[PDB]
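Asker: The structure that follows is given in the form of structure tokens.
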Amino acid sequence: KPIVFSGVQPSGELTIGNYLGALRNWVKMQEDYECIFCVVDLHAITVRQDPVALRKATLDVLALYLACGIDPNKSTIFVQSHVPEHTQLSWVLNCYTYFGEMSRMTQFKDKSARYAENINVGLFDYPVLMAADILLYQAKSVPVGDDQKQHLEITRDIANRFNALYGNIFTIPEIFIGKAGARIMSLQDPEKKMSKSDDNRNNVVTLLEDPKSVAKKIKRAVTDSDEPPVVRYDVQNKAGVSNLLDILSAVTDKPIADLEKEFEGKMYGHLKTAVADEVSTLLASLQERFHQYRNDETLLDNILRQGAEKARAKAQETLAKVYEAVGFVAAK
Amino acid sequence: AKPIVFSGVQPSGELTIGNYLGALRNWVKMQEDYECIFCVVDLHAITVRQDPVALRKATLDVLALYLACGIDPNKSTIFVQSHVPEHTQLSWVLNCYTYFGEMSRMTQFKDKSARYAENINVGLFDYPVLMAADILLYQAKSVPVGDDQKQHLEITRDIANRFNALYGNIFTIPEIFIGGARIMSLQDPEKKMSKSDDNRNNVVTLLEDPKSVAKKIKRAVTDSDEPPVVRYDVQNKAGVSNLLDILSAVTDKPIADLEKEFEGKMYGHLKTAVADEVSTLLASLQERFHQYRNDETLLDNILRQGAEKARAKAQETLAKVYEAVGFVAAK
Ligand SMILES: N[C@@H](Cc1c[nH]c2ccccc12)C(=O)O
Ligand SMILES: N[C@@H](Cc1c[nH]c2ccccc12)C(=O)O
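Keeping their order, the protein sequence lines are chains A and B. Under the authors' numbering, think of the first position of the first sequence as 3, with each following residue one higher. FYI, in the authors' numbering the residues of the second sequence are 2 to 180, 183 to 334.
Structure below.
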């Protein structure tokens, strides 16, 4: 089974876009791939975090993934900080990474502009730890957002460079191109994809979001001023209404054309009620499962222990080979 | 309640009598009054390109030299840096509380950046943060550092103070170690004896044959005073003063008592005594060196003991660091 590695930032402010697009897909990949889900708490502290909230958010993202159907008997799920080998590899890789390769990074330049009060070394060295996270597990494939591509490319360059000196120690990872799921746009900026990080909170629906809160957000979803109003799919002219239909289709599994028939002669209000009703049905189901997981702290600690254990065994195979190659005395 | 002193030891098979009579013989003695921690810094070694076979050799050579000199694994903690994962774990967290500008303005980085320009690696930039982690992990009160490493100790202190300010008194704030002879080069006695000198006649290494020793001592530069006199005067009689320093440090005889012993005698007598005393010392060190260095099982057990102790200490601090910043504790 091919190994797929994914880094997961701590939050549990996953949207219906994270779920309908990617997570639902991940759940099904479990059967045919060896999936590895790493909650990246070490990367999280590259920006100042409230400690109590980081701890809560780490557990929230874990329980959310479990609620969505990621199964720790089929996937390896763990917390980055529970596996020392991540940082151990990153130090070795820092030594084989050019300074100029980190300073040329788009992400470093952008986060430096946004957080000029905390331009730390962690922020600069982010990509090497990311490289280490992937290379430790000999991953063949890694899904990354468009913003994280330069990071996956530098990972490949470091691995090839190290392999050119010492032999084929690392698998050169490739971008994972998904089955692809629901196209889910921002509710007030249909031209942009709904995003975890967005400042305007009317753009997103969160997985843990309340039914009356969902209803408000959908109520104020941007729609065109066509007169009369008509519920028809047209991304060019009716991005607002088309998104609502993509959401409805995704959740109900009803073809878009059938939804058009259903809403012939209805107002945008009717379409918005259906979308809120159907999204809140899905979310009620997710949330009930989340609440079971999140409140069973003994279960969560056991899942994390099992997962870190599995992760450490695999990571150690790679790291030992690295440590042998560069010339370290092996611990006995 | 013994105060903790932390020293980073670069892998090397080439220590000299200047190393031994300067710092090392004193570290051996202070094992009684201090909690001494000796970390062989193999992770720092690879910030510059290393021969793997030579790195592995130099790691075990330096450990066996330390043991030979008297560093005792039941009294001190002696270990290989790469054997203790907590060093890299802490250094990541410290990166997140260390400003880019702080590393940018290190003198060592600027010098190397002018020399190597675009060829420099991230390791050389970040070296001081791992060094800070090395020290802070063990709650070290004192650290001996060279002049060229003073800036690295200052930034360690800044980082630790900063972290404490945010999260409470987690780190001890390290200070420079306070309180052997300054052994000079045999053919250029204004220069300190350096293990990495290209003139091998400048140096006596610890693993040197006693006939090679007599050769180098006989050839040591003196002066052309008329009359020649065995008298201590670093300015005017550097070479003779240096032989007197060697002899004094090796025998524990004060310089004034040696001056008396060599009253009316010649430089040749002084050189004979220095050669005889140094070769006696090195014989005894060499024998111990070969006993430990050839005994792989023993070296494995000593490194394992060392790493088990270092990990136990390191974890106390690292657990508090990981809790403070907000991580879920492994269970
Ligand atoms: N940088 C990723 C998170 C991440 C860390 N390590 C990774 C390794 C593989 C994929 C993703 C990651 C993000 O911004 O979300
Ligand atoms: N930088 C030191 C080696 C070292 C690494 N970590 C240390 C901690 C304390 C003292 C020295 C060190 C040297 O060049 O010699």
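For each residue, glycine too, the CB sits at the ideal point set by N, CA and C.
For residue 167 (chain A), does the count of other Cβ atoms within 10 angstroms reach 16, so buried, or fall short, so exposed?
Answerer: Exposed.
Asker: Can you give me the C-alpha to C-alpha distance between residue 45 (chain A) and residue 312 (chain A), rounded to a whole angstrom?
Answerer: About 21 Å.
Asker: Quick check: is the beta carbon of residue 90 (chain A) nearer than 8 Å to any beta carbon in chain B?
Answerer: Cβ-Cβ to chain B under 8 Å: yes for residue 90 (chain A).
Asker: Please report whether the beta-carbon of residue 60 (chain B) lies at a distance below 8 Å from any beta-carbon of chain A.
Answerer: With 8 Å as the cut-off, residue 60 (chain B) counts as an interface residue toward chain A.
Asker: Comparing alpha-carbon positions, which option in B:286, B:202 and B:183 lies nearest residue 255 (chain B)?
Answerer: Checked all of B:286, B:202 and B:183; the closest Cα to residue 255 (chain B) is B:183.
Asker: Compare the Cα-Cα distances from residue 224 (chain B) to each of B:205, B:268 and B:216 and report the closest residue.
Answerer: Comparing Cα positions, the closest option is B:205.
Asker: Is residue 269 (chain A) near ligand 1, with its Cβ less than 7 Å from a heavy atom?
Answerer: Not so, every heavy atom of ligand 1 lies at least 7 Å from the Cβ.
Asker: Just to check, is the beta-carbon of residue 7 (chain A) closer than 7 Å to a non-hydrogen atom of ligand 1?
Answerer: Under cutoff, so the answer is yes.
Asker: For residue 121 (chain A), go through chain B and note every residue whose CB falls closer than 8 Å to its CB, in chain order.
Answerer: Those are 100, 101 and 102, listed as they occur along chain B.
Asker: List the residues of chain A that residue 28 (chain B) touches, going by C-beta distances under 9 Å, in chain order.
Answerer: In chain order: nothing, as chain A lies at least about 22 Å away.
Asker: For residue 107 (chain A), verify whether its CB is less than 7 Å away from any heavy atom of ligand 1.
Answerer: Answer for residue 107 (chain A): no, Cβ out of range of ligand 1.
Asker: To the nearest angstrom, how far is it from the Cα of residue 250 (chain B) to the Cα of residue 31 (chain B)?
Answerer: Distance between the alpha carbons of residue 250 (chain B) and residue 31 (chain B) is about 22 Å.
Asker: Can you give me the start and stop residues for the beta strand (DSSP E) that residue 9 (chain B) sits inside?
Answerer: Looking at the DSSP string, the run of the beta strand (DSSP E) that includes residue 9 (chain B) is 5-10.
Asker: Taking the alpha-carbon positions, what's the residue 245 (chain B) to residue 279 (chain B) distance?
Answerer: So the two alpha carbons sit approximately 16 Å from each other.
Asker: Ligand 2 heavy atoms versus the CB of residue 200 (chain A): any closer than 7 Å?
Answerer: No, Cβ of residue 200 (chain A) sits at least 7 Å from all heavy atoms of ligand 2.
Asker: Apart from the five residues just before and just after residue 74 (chain A), which ones in its own chain have a Cβ nearer than 8 Å to its Cβ?
Answerer: Closer than 8 Å at the Cβ level, and outside the excluded window around residue 74 (chain A), lie 68, 305, 308 and 309.
Asker: Check the Cβ-Cβ distances between residue 325 (chain B) and every residue of chain A, and say whether any is below 8 Å.
Answerer: Yes, residue 325 (chain B) lies at the interface with chain A (some Cβ there is under 8 Å from its Cβ).
Asker: Could you tell me the distance, in whole angstroms, from the CA atom of residue 118 (chain A) to the CA atom of residue 110 (chain A)?
Answerer: Rounded to the nearest angstrom, the two C-alpha atoms are 11 Å apart.
Asker: Can you tell me whether residue 80 (chain B) is helix, strand or coil according to DSSP?
Answerer: Residue 80 (chain B): strand per DSSP, three-state reduction.
Asker: What's the C-alpha gap between residue 48 (chain B) and residue 136 (chain B)?
Answerer: Approximately 18 Å, taken between the alpha carbons.
Asker: How many whole angstroms separate the CB atoms of residue 82 (chain A) and residue 43 (chain A), which I take to be in contact at a CB cut-off of 8 Å?
Answerer: Rounded, the Cβ-Cβ distance is 5 Å, consistent with contact.
Asker: Classify residue 195 (chain A) as helix, strand or coil using the three-state DSSP reduction.
Answerer: In the structure shown, residue 195 (chain A) sits in a strand (DSSP, three-state: E or B).
Asker: Is residue 182 (chain B) buried or exposed, if buried means 16 or more other CB atoms sit within 10 Å of its CB?
Answerer: The model contains no atoms for residue 182 (chain B), which sits in the stretch where chain B goes from 180 to 183 directly.
Asker: Measuring alpha carbon to alpha carbon, tell me which of B:286, B:317, B:199 and B:229 ends up nearest residue 19 (chain B).
Answerer: Ranking the options by Cα distance to residue 19 (chain B), first place goes to B:199.
Asker: Just the chain A side, please: which residues come within less than 7 Å of residue 181 (chain B) by C-beta, in chain order?
Answerer: There are no atomic positions for residue 181 (chain B) here, as chain B continues from 180 directly to 183.
Asker: For a test of your reading of the model: does the CB of residue 253 (chain B) fall under 7 Å from any non-hydrogen atom of ligand 2? Yes or no.
Answerer: The answer is no for residue 253 (chain B).
Asker: Considering only the alpha carbon of each residue, which of A:179, A:203 and A:178 lies closest to residue 190 (chain A)?
Answerer: Looking at the Cα atoms, A:203 is the closest of the given residues.
Asker: Less than 8 Å between the beta carbons of residue 9 (chain A) and residue 132 (chain A), yes or no?
Answerer: Yes.
Asker: Is residue 121 (chain B) helix, strand or coil by DSSP?
Answerer: Residue 121 (chain B) falls in the coil class under three-state DSSP.
Asker: From residue 229 (chain A) to residue 267 (chain A), what distance separates their C-alpha atoms?
Answerer: Cα to Cα, the separation comes out at about 12 Å.
Asker: For residue 236 (chain A), collect the residues of the same chain with a Cβ closer than 7 Å to its Cβ; drop the 5 residues on either side in sequence, then sort them by chain order.
Answerer: Excluding sequence neighbours, residue 236 (chain A) sits near 244.
Asker: Using 8 Å as the limit for Cβ to Cβ distance, is residue 83 (chain B) near chain A?
Answerer: Yes, its Cβ sits closer than 8 Å to a Cβ of chain A.
Asker: Looking only at its chain, what residues have a beta carbon closer than 7 Å to the beta carbon of residue 231 (chain B), apart from the 5 residues adjacent to it on each side?
Answerer: Excluding positions up to five away in sequence, the list reads 269 and 270.
Asker: Is there contact here, the segment 25-41 of chain A with the segment 158-175 of chain A, by at least three beta-carbon pairs under 8 Å?
Answerer: Taking 8 Å as the limit for Cβ pairs, the verdict is that the segment 158-175 of chain A does not touch the segment 25-41 of chain A.
Asker: Answer with yes or no whether the minimum CB distance from residue 331 (chain A) to chain B is below 8 Å.
Answerer: By this cut-off, residue 331 (chain A) is an interface position.
Asker: Quick one: is residue 283 (chain A) buried, meaning 16 or more other Cβ sit within 10 Å of its Cβ, or exposed?
Answerer: Per the 10 Å Cβ criterion, exposed.
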